[PDB]
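K.L.:
Here's a structure for you.
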Amino acid sequence: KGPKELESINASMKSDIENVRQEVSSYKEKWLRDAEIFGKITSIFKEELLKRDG
Amino acid sequence: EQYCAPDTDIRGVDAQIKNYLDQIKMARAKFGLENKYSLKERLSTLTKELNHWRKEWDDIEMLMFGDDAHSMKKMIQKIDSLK
Amino acid sequence: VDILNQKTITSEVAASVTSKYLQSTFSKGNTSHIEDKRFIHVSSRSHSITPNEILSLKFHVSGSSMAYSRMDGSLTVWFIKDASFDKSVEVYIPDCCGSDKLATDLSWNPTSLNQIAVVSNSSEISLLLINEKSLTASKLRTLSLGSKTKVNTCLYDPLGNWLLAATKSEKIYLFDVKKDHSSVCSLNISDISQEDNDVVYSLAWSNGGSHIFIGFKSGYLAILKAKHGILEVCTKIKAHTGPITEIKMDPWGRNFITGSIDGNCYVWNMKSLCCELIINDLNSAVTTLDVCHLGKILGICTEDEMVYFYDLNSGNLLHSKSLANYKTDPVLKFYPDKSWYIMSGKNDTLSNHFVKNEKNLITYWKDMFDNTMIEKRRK
């Protein structure tokens, strides 16, 4: 290839790593944001869950 | 442009090509190796782990604000219509 | 002699080469039938008939994947890396966009290498990935909005920067692609067409990706901007006396082509936005319409069940095949990277594709020149 193209290929990948790393941890936060509010009845429902099973 | 400008030796500028002709693959093997696999496999696993936590988060957002907690609300007015 | 006189491609030596390329692509060794699931089902009932026409056929912009949706059932996604069409089905999905409704339109994603957006007729757009190793098709998301009645068409931007989903009665939606698939704007069709209760038949994106062409039932043609999030109407010209069936674009960005339900097909240039050439096609209603990738062949297929092949610079006829004994709605489609085409309908509702050994017309003229030159270097 050409070095002025490879400079534009290699720098485009470096910006894409700065995009996907940022956008993964946006989903890693919102899945823990769903986790702190799901245990308001479900953990109590878990006490209703195991004693109906066991 | 230095072959035609006056007062220069020819063999002294023919050696500026051998400098230039080897500085053109010392910058084509520096972006042809760091772009080969060290930045390929950084985008291999990271695009799989983006898809998983976009798919699996699409289901827990579907349970909370969705057709389980909406179907808990639609059944109770089906009771008092009969009662 | 007349080959070796001109050494660059002129206006006349181009129109004589492209009439030999279309003549030699209808031959016996230059056609093969796609080993579909319906080609298996038809060949059993014909050796020892329920019609299901195809509803869309789309190519990936790289030219390496081809998906299409039959009437009753399934999607089918083929994968062609280089082997002509006998390489691999990867997937086919019998309940693709749900198990209740049909799959009307399709669009590939230009940015991502493997992702479709299948639109049902209910209210929901299901984006799904086609897996490369295993033969499965897993979903990615499912979009929806408020006051969403029935979506028919979806189109991706040719830069992969927007998504346009449209109803034919109520509204038109834009979804941004870069940040997240979120609604940016919404326009009521009554503001676009002020005359009557019109029904949107066809849509197209321009080659840049900043204007949208909309074709109505009354024959109006609306051109409306999409700058960042605004969706406003620029012009409104009355083109035909009938529903505008299909809209195409030149691949060199010079002109665009419209067809209608009268025997009428114009070529409008894109600078001055006036009609430039008129094809005298007084036979029937044009159904499908497409151009090449060099931008020279124009394939018209009317409701007389006959296909034609024109030029775009002139309006002269190159070839004409009549396919009258079939009961198809036959679909022409040209490849996006090489100059082959896939004409639908071989027996009942099928798909053949017409090949050569050379890819382009330019590497065909360049081989005809070098075979003649040997004879002049022989004498």
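Residue numbers (the numbering used here), protein chains in the order written: chain A, 1067 to 1120; chain B, 9 to 91; chain C, 63 to 441. Idealized CB from N, CA, C, for every residue including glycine.
Would you check if there are 3 or more beta carbon pairs closer than 8 angstroms linking the segment 155–162 of chain C to the segment 173–188 of chain C?
P.N.:
Short answer: they touch.
K.L.:
Considering Cα atoms alone, identify which of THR349/C, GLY325/C, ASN317/C is closest to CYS337/C.
P.N.:
It is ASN317/C.
K.L.:
Can you list the residues of chain A that residue 97/B reaches, using a CB-CB cut of under 7 angstroms?
P.N.:
This structure cannot speak to residue 97/B, because chain B is shown only from 9 to 91.
K.L.:
Where does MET405/C land, buried or exposed, given buried means 16+ other C-beta within 10 angstroms?
P.N.:
It counts as buried.
K.L.:
Closer than 8 angstroms, Cβ to Cβ, to anything on chain C: give me those residues from the segment 60–82 of chain B, in chain order.
P.N.:
From the segment 60–82 of chain B, only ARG62, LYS63, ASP66 have a Cβ closer than 8 angstroms to chain C.
K.L.:
Starting from the beta carbon of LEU202/C, find every residue of chain B whose beta carbon is closer than 9 angstroms, and list them in chain order.
P.N.:
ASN59, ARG62, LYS63, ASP66, listed in chain order.
K.L.:
If you follow the alpha helix (DSSP H) that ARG62/B is part of, which residue opens it and which one closes it?
P.N.:
Residues 53–63.
K.L.:
Taking a contact to mean a Cβ-Cβ separation below 7 angstroms, would you say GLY321/C touches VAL348/C in this structure?
P.N.:
In this structure, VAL348/C lies closer than 7 angstroms to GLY321/C by Cβ.
K.L.:
Identify every residue that forms a DSSP beta bridge with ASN317/C.
P.N.:
DSSP lists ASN331/C as partners of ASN317/C.
K.L.:
Determine, using beta carbons only, whether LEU29/B comes closer than 7 angstroms to chain A.
P.N.:
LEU29/B does not count as touching chain A.
K.L.:
Report all residues from its chain with a CB closer than 7 angstroms to the CB of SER346/C; omit the five preceding and five following residues, and keep chain order.
P.N.:
So the qualifying residues of the chain are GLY325, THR364, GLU365, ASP366.
K.L.:
For the segment 35–52 of chain B, list every residue whose C-beta sits within 7 angstroms of some C-beta in chain A, in sequence order.
P.N.:
So the list reads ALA35, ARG36, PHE39, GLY40, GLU42, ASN43, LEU47, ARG50, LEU51, given in the order they occur along the chain.
K.L.:
From the DSSP output, in three-state form, read off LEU117/C for me.
P.N.:
Three-state result, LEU117/C: strand.
K.L.:
When the cut-off is 7 angstroms and only beta carbons count, does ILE1083/A lie next to chain D?
P.N.:
Absence of chain D from the displayed structure is noted, the protein chains being A, B and C.
K.L.:
If you compare alpha carbons, which of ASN409/C, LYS233/C, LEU117/C is closest to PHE101/C?
P.N.:
Of the listed residues, the one whose Cα sits closest to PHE101/C is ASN409/C.
K.L.:
Could you give the distance in angstroms between the alpha-carbon of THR166/C and the alpha-carbon of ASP134/C?
P.N.:
Roughly 10 angstroms between the two C-alpha positions.
K.L.:
Check whether the Cβ atoms of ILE65/C and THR434/C lie closer than 7 angstroms to each other.
P.N.:
Contact flag set, yes.
K.L.:
Compare the Cα-Cα distances from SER280/C to each of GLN256/C, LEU293/C, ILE116/C, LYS99/C and report the closest residue.
P.N.:
Per the Cα distances, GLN256/C.
K.L.:
What is the DSSP secondary structure of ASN1085/A, reduced to helix, strand or coil?
P.N.:
Reduced to three states, the DSSP call for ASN1085/A is helix.
K.L.:
With 16 as the cutoff for other CB atoms within 10 Å, does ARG132/C come out buried or exposed?
P.N.:
Buried, by the Cβ-count rule.
K.L.:
Can you tell me which of the three DSSP states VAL181/C falls into?
P.N.:
Looking at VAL181/C - three-state DSSP - the assignment turns out to be strand.
K.L.:
So, for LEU335/C: in the same chain, excluding its five sequence neighbours on each side, which residues have a beta-carbon less than 6 angstroms away from its beta-carbon?
P.N.:
None.
K.L.:
To the nearest angstrom, how far is the alpha carbon of residue 1048/A from that of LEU47/B?
P.N.:
Because chain A spans 1067 through 1120 in this model, residue 1048/A falls outside it and cannot be assessed.
K.L.:
Smallest Cα separation from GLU1071/A: which of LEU58/B, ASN43/B, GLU64/B?
P.N.:
Nearest of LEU58/B, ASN43/B, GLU64/B to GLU1071/A, Cα basis: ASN43/B.
K.L.:
Please report the distance separating the alpha-carbon of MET83/B from that of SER89/B.
P.N.:
So the two alpha carbons sit approximately 10 angstroms from each other.
K.L.:
Is it buried or exposed for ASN171/C, if we count other Cβ within 10 angstroms and need 16 for buried?
P.N.:
Buried: at least 16 other Cβ atoms inside 10 Å.
K.L.:
Tell me, which residues are paired with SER127/C by DSSP?
P.N.:
Its beta-bridge partners are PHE141/C.
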